[PDB]
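> Mind having a look at this structure? Questions to follow.
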Amino acid sequence: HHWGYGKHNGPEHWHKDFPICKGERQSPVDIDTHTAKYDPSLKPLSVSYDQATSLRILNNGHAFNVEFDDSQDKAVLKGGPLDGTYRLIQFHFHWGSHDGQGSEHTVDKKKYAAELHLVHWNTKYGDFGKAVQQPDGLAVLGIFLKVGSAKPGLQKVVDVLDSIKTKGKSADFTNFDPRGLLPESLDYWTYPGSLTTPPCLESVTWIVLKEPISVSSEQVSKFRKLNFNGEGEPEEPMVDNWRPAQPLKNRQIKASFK
Ligand SMILES: C[C@H](CCC(=O)O)[C@H]1CC[C@H]2[C@@H]3[C@H](O)C[C@@H]4C[C@H](O)CC[C@]4(C)[C@H]3C[C@H](O)[C@]12C
Ligand SMILES: [Mg+2]
Ligand SMILES: [Zn+2]
């Protein structure tokens, strides 16, 4: 292995192993609200997470992921810019070394303290491995975190982090309801983009919610107590695990709202 978020293996280095990290449809991007255009063709997002089945949470050395049972048409995303149905497979966050940075997307260059990614794959490709290779293979729902009042539905995630502090540690994480991580409004921006980590595959329809969720400083401070390293190795706090904005190139960001 090799890539990370360090000075010598970070975002500026990724293209050497993964040439598409310098591609035409890379994420994240800065969402320029001048540029972004209202598109009445877009429909309401449909987020159906009632039957979502979480399984476990894992520190993989880059972030922590909550994994779902994507076996049945349980938790699905559809509508908006999407054709057909996309199944929730995992979520994770990117966050900073302090509250003024951490998000991957930015809005008129404004950074948030963190960004949540709910990752879904297009059922027409049968499984995630096949889907990730296609231009319309994934849908990622991105949600900004700003520091304020606490988010009750995040508390179960924050409280489990102490038990998966180092790379490779996992914990059971059943009956977690990701609907508790959503803001009131589903107003969104959408554009075609990529995974924001290697292999940087250009397989993602990005749906970035205009409304952030508020989380408390205590909650986000718990993110920063995780470690990039494995147990018994020298301590490297897991912070600033975000990729900065990439060139928009020949893409238009559409808004679902006026
Ligand atoms: C790397 C990317 C997240 C990029 C981002 O930070 O936004 C994530 C999202 C979905 C992830 C995958 C899915 O969780 C399903 C697989 C789970 C396995 O444990 C590892 C490979 C596996 C195939 C994962 C690879 C990688 O961690 C993926 C591809
Ligand atoms: Mg890796
Ligand atoms: Zn992500």
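Naming scheme: A, B, ... for chains in displayed order of the structure tokens; residues 1 onward per chain; ligands 1 onward as shown.
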Residues contacting ligand 2 - anything with an atom at most 8 Å away, using only C-alpha atoms and all ligand atoms - can you give me those as an MDAnalysis selection string?
chainID A and resid 1:4 60:62 198
> For the residues in the current selection, export N, CA, C and O atoms as an mmCIF file, in the first residue's frame.

data_model
loop_
_atom_site.group_PDB
_atom_site.id
_atom_site.type_symbol
_atom_site.label_atom_id
_atom_site.label_comp_id
_atom_site.auth_asym_id
_atom_site.auth_seq_id
_atom_site.Cartn_x
_atom_site.Cartn_y
_atom_site.Cartn_z
ATOM 1 N N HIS A 1 0.819 -1.209 0.000
ATOM 2 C CA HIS A 1 0.000 0.000 0.000
ATOM 3 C C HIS A 1 0.863 1.275 0.000
ATOM 4 O O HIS A 1 2.098 1.182 0.027
ATOM 5 N N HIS A 2 0.240 2.458 -0.057
ATOM 6 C CA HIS A 2 1.021 3.691 0.010
ATOM 7 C C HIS A 2 0.209 4.971 0.263
ATOM 8 O O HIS A 2 0.575 5.752 1.132
ATOM 9 N N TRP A 3 -0.871 5.212 -0.477
ATOM 10 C CA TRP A 3 -1.487 6.563 -0.431
ATOM 11 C C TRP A 3 -2.075 6.941 0.946
ATOM 12 O O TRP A 3 -2.434 6.082 1.743
ATOM 13 N N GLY A 4 -2.170 8.245 1.203
ATOM 14 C CA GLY A 4 -2.640 8.735 2.476
ATOM 15 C C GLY A 4 -2.930 10.212 2.357
ATOM 16 O O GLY A 4 -3.267 10.711 1.273
ATOM 17 N N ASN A 60 -10.396 2.040 8.850
ATOM 18 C CA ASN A 60 -9.570 1.422 7.793
ATOM 19 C C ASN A 60 -8.242 2.149 7.548
ATOM 20 O O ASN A 60 -7.540 1.903 6.554
ATOM 21 N N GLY A 61 -7.877 3.024 8.484
ATOM 22 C CA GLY A 61 -6.658 3.805 8.368
ATOM 23 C C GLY A 61 -6.777 5.079 7.550
ATOM 24 O O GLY A 61 -5.816 5.868 7.517
ATOM 25 N N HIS A 62 -7.909 5.278 6.856
ATOM 26 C CA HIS A 62 -8.151 6.520 6.086
ATOM 27 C C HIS A 62 -9.332 7.283 6.690
ATOM 28 O O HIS A 62 -9.397 8.503 6.591
ATOM 29 N N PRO A 198 -8.123 7.518 -3.877
ATOM 30 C CA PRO A 198 -7.758 6.502 -4.868
ATOM 31 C C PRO A 198 -8.726 5.309 -4.755
ATOM 32 O O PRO A 198 -9.108 4.935 -3.651
#
> Give me the residues of chain A that have any atom at most 9 Å from an atom of ligand 3; for each, the nearest atom pair and the distance in Å, rounded to one decimal. Use only C-alpha atoms and all ligand atoms, sort by chain and number, and format it as a tab-separated table.

residue	atom	partner	partner_atom_place_in_ligand_line	distance
A:63	CA	ligand 3	1 (Zn)	8.5
A:91	CA	ligand 3	1 (Zn)	7.9
A:92	CA	ligand 3	1 (Zn)	6.2
A:93	CA	ligand 3	1 (Zn)	6.0
A:94	CA	ligand 3	1 (Zn)	6.2
A:104	CA	ligand 3	1 (Zn)	8.0
A:115	CA	ligand 3	1 (Zn)	7.7
A:116	CA	ligand 3	1 (Zn)	6.9
A:117	CA	ligand 3	1 (Zn)	5.1
A:118	CA	ligand 3	1 (Zn)	8.1
A:119	CA	ligand 3	1 (Zn)	8.2
A:140	CA	ligand 3	1 (Zn)	8.5
A:142	CA	ligand 3	1 (Zn)	8.2
A:195	CA	ligand 3	1 (Zn)	7.2
A:196	CA	ligand 3	1 (Zn)	5.9
A:197	CA	ligand 3	1 (Zn)	7.1
A:242	CA	ligand 3	1 (Zn)	7.9
A:243	CA	ligand 3	1 (Zn)	8.9
> Got time to write the residues from that selection, N, CA and C atoms, as a compact mmCIF listing (two decimals), in the first residue's frame?

# COMPACT_ATOMS: atom_id res chain seq x y z
N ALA A 63 -10.29 6.54 7.24
CA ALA A 63 -11.51 7.10 7.83
C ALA A 63 -12.11 5.99 8.66
N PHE A 91 -21.29 4.46 4.81
CA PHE A 91 -21.02 5.90 4.94
C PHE A 91 -19.75 6.14 5.71
N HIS A 92 -19.17 7.33 5.53
CA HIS A 92 -17.98 7.72 6.24
C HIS A 92 -17.93 9.25 6.22
N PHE A 93 -16.93 9.81 6.88
CA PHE A 93 -16.77 11.25 6.99
C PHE A 93 -15.35 11.67 6.60
N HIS A 94 -15.19 12.93 6.26
CA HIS A 94 -13.87 13.55 6.15
C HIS A 94 -13.93 14.75 7.08
N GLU A 104 -14.72 18.38 1.89
CA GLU A 104 -14.10 18.16 0.59
C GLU A 104 -14.72 19.12 -0.42
N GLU A 115 -17.49 16.55 6.33
CA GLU A 115 -18.42 16.17 5.28
C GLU A 115 -18.70 14.66 5.36
N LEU A 116 -19.98 14.33 5.34
CA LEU A 116 -20.46 12.97 5.38
C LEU A 116 -20.72 12.51 3.95
N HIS A 117 -20.29 11.30 3.63
CA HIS A 117 -20.58 10.68 2.35
C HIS A 117 -21.34 9.38 2.52
N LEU A 118 -22.56 9.35 2.00
CA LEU A 118 -23.38 8.13 1.97
C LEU A 118 -23.25 7.56 0.58
N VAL A 119 -22.66 6.37 0.50
CA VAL A 119 -22.21 5.81 -0.77
C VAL A 119 -23.22 4.74 -1.24
N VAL A 140 -23.23 9.35 -4.69
CA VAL A 140 -22.84 9.71 -3.33
C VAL A 140 -23.57 10.96 -2.85
N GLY A 142 -23.63 13.78 -0.34
CA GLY A 142 -22.71 14.48 0.52
C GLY A 142 -23.44 15.51 1.36
N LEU A 195 -14.80 9.27 -7.18
CA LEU A 195 -14.38 8.95 -5.80
C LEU A 195 -13.35 9.99 -5.38
N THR A 196 -13.32 10.38 -4.12
CA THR A 196 -12.40 11.43 -3.68
C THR A 196 -11.18 10.83 -3.02
N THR A 197 -11.07 9.50 -3.09
CA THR A 197 -9.85 8.79 -2.72
C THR A 197 -9.41 7.91 -3.87
N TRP A 242 -9.08 14.94 4.11
CA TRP A 242 -9.89 15.44 3.00
C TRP A 242 -9.02 15.78 1.81
N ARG A 243 -9.59 15.55 0.63
CA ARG A 243 -9.00 15.98 -0.64
C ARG A 243 -9.52 17.38 -0.98
> Give one line per residue of range 35-61 of chain A that approaches range 180-189 of chain A to at most 10 Å, naming the two atoms of the closest pair and their distance in Å to one decimal, counting only C-alpha atoms; sort by chain then ascending residue number and deliver it as CSV.

residue,atom,partner,partner_atom,distance
A:36,CA,A:189,CA,7.9
A:37,CA,A:189,CA,9.0
A:38,CA,A:189,CA,8.9
A:39,CA,A:189,CA,9.9
A:44,CA,A:186,CA,7.9
A:45,CA,A:186,CA,6.8
A:46,CA,A:186,CA,8.9
A:47,CA,A:186,CA,9.1
> So, counting only C-alpha atoms, which residue among A:89, A:220, A:200, A:161 is closest to residue 24 in chain A?
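Distance minimum relative to residue 24 in chain A lands on A:200.
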> How would you write, as a list in words, the set of residues in range 23-164 of chain A that DSSP gives as alpha helix (DSSP H)?
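Reading the DSSP output for range 23-164 of chain A, alpha helix (DSSP H) covers residues 128, 129, 130, 131, 155, 156, 157, 158, 159 and 160 of chain A.
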> The selected residues should be written to file as a short mmCIF file (atom, residue, chain, number, x, y, z; two decimals), in the first residue's frame (atoms: C-alpha atoms).

data_model
loop_
_atom_site.label_atom_id
_atom_site.label_comp_id
_atom_site.auth_asym_id
_atom_site.auth_seq_id
_atom_site.Cartn_x
_atom_site.Cartn_y
_atom_site.Cartn_z
CA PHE A 128 -20.62 -2.65 -6.07
CA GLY A 129 -17.50 -4.10 -7.72
CA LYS A 130 -19.11 -3.95 -11.13
CA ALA A 131 -20.84 -0.64 -10.49
CA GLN A 155 -24.17 10.30 19.02
CA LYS A 156 -24.08 6.50 18.57
CA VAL A 157 -21.33 6.90 15.96
CA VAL A 158 -19.23 9.28 18.07
CA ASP A 159 -19.48 7.10 21.21
CA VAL A 160 -18.27 3.96 19.44
#
> Could you check which of A:210, A:56, A:98, A:249 is closest to ligand 1, using only C-alpha atoms and all ligand atoms?
A:56
> Between A:43, A:110, A:8, A:120, which has the minimum distance to ligand 1 (counting only C-alpha atoms and all ligand atoms)?
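Between A:43, A:110, A:8, A:120, the residue approaching ligand 1 most closely is A:120.
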> Check range 63-237 of chain A with DSSP on the backbone and list each residue it calls strand (DSSP E or B), as a ChimeraX atom specification.
/A:64-68,76-79,86-95,106-107,110,114-122,138-147,167,170-172,188-193,204-209,213-215,227,230,237
> May I ask for the distance between CA of residue 251 in chain A and CA of residue 141 in chain A, given in Å to one decimal place?
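That distance, rounded to one decimal, is 18.4 Å.
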> So which residues touch residue 99 in chain A within 12 Å, counting only C-alpha atoms, skipping near sequence neighbours fewer than 4 positions away, as a list in words?
residues 94, 95, 103, 111, 112, 113, 114, 115, 145, 146, 147, 148, 215, 216, 217, 218, 219, 220, 221, 223, 224, 239 and 240 of chain A
> Restricting the calculation to only C-alpha atoms: of A:57, A:143, A:68, A:165, which residue gets closest to residue 232 in chain A?
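So, comparing all the options, the nearest one is A:165.
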> Find the distance between CA of residue 125 in chain A and CA of residue 52 in chain A and write it in Å to one decimal.
20.0 Å
> When you look at range 32-34 of chain A with a cut-off of 8 Å (counting only C-alpha atoms), what residues show up, excluding the ones that are within fewer than 3 positions of it in the same chain? I need them as an MDAnalysis selection string.
chainID A and resid 37 107:109
> What's around residue 71 in chain A at 10 Å? Count only C-alpha atoms, leave out sequence neighbours fewer than 5 positions away in its own chain, and write the answer as a list in words.
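Final neighbour list, sorted by chain and number: residues 53, 87, 88, 89 and 127 of chain A.
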> With N, CA, C and O atoms retained, export the selected residues as a PDB file, in the first residue's frame.

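What follows is the written file result_21.pdb:
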ATOM      1  N   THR A  53     -29.979  -1.523   6.984  1.00  0.00           N
ATOM      2  CA  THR A  53     -29.443  -2.470   7.956  1.00  0.00           C
ATOM      3  C   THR A  53     -27.951  -2.325   8.157  1.00  0.00           C
ATOM      4  O   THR A  53     -27.146  -2.832   7.371  1.00  0.00           O
ATOM      5  N   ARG A  87     -28.315   1.431  -4.179  1.00  0.00           N
ATOM      6  CA  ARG A  87     -28.350   0.861  -2.827  1.00  0.00           C
ATOM      7  C   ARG A  87     -27.243   1.382  -1.943  1.00  0.00           C
ATOM      8  O   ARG A  87     -26.094   1.399  -2.355  1.00  0.00           O
ATOM      9  N   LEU A  88     -27.591   1.747  -0.713  1.00  0.00           N
ATOM     10  CA  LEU A  88     -26.623   2.170   0.294  1.00  0.00           C
ATOM     11  C   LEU A  88     -25.707   1.041   0.724  1.00  0.00           C
ATOM     12  O   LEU A  88     -26.177   0.010   1.191  1.00  0.00           O
ATOM     13  N   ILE A  89     -24.405   1.238   0.565  1.00  0.00           N
ATOM     14  CA  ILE A  89     -23.427   0.239   0.991  1.00  0.00           C
ATOM     15  C   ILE A  89     -22.599   0.699   2.214  1.00  0.00           C
ATOM     16  O   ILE A  89     -22.236  -0.109   3.063  1.00  0.00           O
ATOM     17  N   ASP A 127     -23.621  -5.600  -8.554  1.00  0.00           N
ATOM     18  CA  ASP A 127     -22.916  -5.397  -7.296  1.00  0.00           C
ATOM     19  C   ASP A 127     -21.976  -4.202  -7.361  1.00  0.00           C
ATOM     20  O   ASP A 127     -21.732  -3.631  -8.433  1.00  0.00           O
TER      21      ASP A 127
END
> Distance CA of residue 241 in chain A-CA of residue 69 in chain A, one decimal place?
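Value for the CA of residue 241 in chain A-CA of residue 69 in chain A distance: 25.7 Å.
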> When distances are computed from only C-alpha atoms and all ligand atoms, which of A:191, A:257, A:176, A:121 shows the smallest separation from ligand 1?
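So, comparing all the options, the nearest one is A:121.
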> So that I can check the surroundings of residue 83 in chain A, please list as a PDB file with C-alpha atoms, in the first residue's frame every protein, DNA and RNA residue that reaches within 10 Å of it, counting only C-alpha atoms and ignoring chain neighbours fewer than 6 positions away.

ATOM      1  CA  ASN A 122     -26.518   1.383  -9.140  1.00  0.00           C
ATOM      2  CA  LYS A 124     -28.407  -2.259 -12.709  1.00  0.00           C
ATOM      3  CA  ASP A 136     -23.232   6.017 -13.735  1.00  0.00           C
TER       4      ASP A 136
END
> Have a look at A:54, A:48, A:170, A:214 and name the one nearest to residue 67 in chain A; count only C-alpha atoms.
A:54
